[PDB]
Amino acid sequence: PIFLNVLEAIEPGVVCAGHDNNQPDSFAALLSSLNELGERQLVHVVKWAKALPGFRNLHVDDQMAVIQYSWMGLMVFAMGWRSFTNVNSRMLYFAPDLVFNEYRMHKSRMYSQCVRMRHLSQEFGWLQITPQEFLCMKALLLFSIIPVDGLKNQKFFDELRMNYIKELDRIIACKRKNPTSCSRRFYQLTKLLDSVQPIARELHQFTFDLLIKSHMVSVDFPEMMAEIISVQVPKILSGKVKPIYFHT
């Protein structure tokens, strides 16, 4: 398949967080690094998204927005998958140097949101998600959140999102599936995508509050990341931009 050649051909590489595992595990130590990973992962997502099939049909002022609104979720999705394939959903494999043990889950103060992220990671296993299904879902994921008043050129956006929903269905369907089998895996796969949204929302809020009190707690925020968290994220939380759920 052509569409799959590119998806796999573009899948990023091992991005390291550049954490100092030697020094102890302070809350600040963790997040100042998580944030740094955010930053690093952000860049790759841009190069990934931009080199996506038909991605350039979007309006210039829509390409950037689509990516920034969707980066947490995307970072979450892939991260869940790394965890799965690597530590087998036992811990959260943020990066090779930033792997989360139960201790870290609690020291980051994100224990719970992490329970959630690890939960999603387990679905790849439980549901037996396929690398081909993962890649397709990840891509669609990007086209899963937009402003209520629509983008600059909504028509291109939706057209693009339609072609993606179909690539997903084209992959899930091509084996022992038929009727109840096809109209069951699609429900779950789309049910799995919807779940990343709630998690991203809670991560958004955490990060956002974290940026405001930033100094009070001595947590590091990169130029790039901080902007998004102050300009695009507020827009999500206030309601200006909302996710796109297949269900409910």
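Residue numbers here begin at 1 and follow the sequence given.
Once the C-alpha B-factors are averaged per stretch, 30-38 and 217-225 rank with 217-225 first. Set 194-202 against 53-61 and average the Cα temperature factors; 53-61 ends up higher. For the set 142, 98, 87, 75, the PDB entry assigns the largest Cα B-factor to 87. Out of 117, 160, 173, 105, it is 173 whose C-alpha atom has the highest B-factor in the PDB entry. Ranked by Cα temperature factor within the chain, residue 79 sits in the lowest third according to the deposited record. In this PDB entry, the Cα temperature factor of residue 43 sits in the bottom third of its chain's modelled residues, the lowest group.
When the modelled residues of the chain are ordered by C-alpha B-factor, residue 22 sits in the highest third. Among the modelled residues of the chain, residue 68 sits in the middle third by CA temperature factor in this PDB entry. Among the modelled residues of the chain, residue 110 sits in the middle third by CA temperature factor in this PDB entry.
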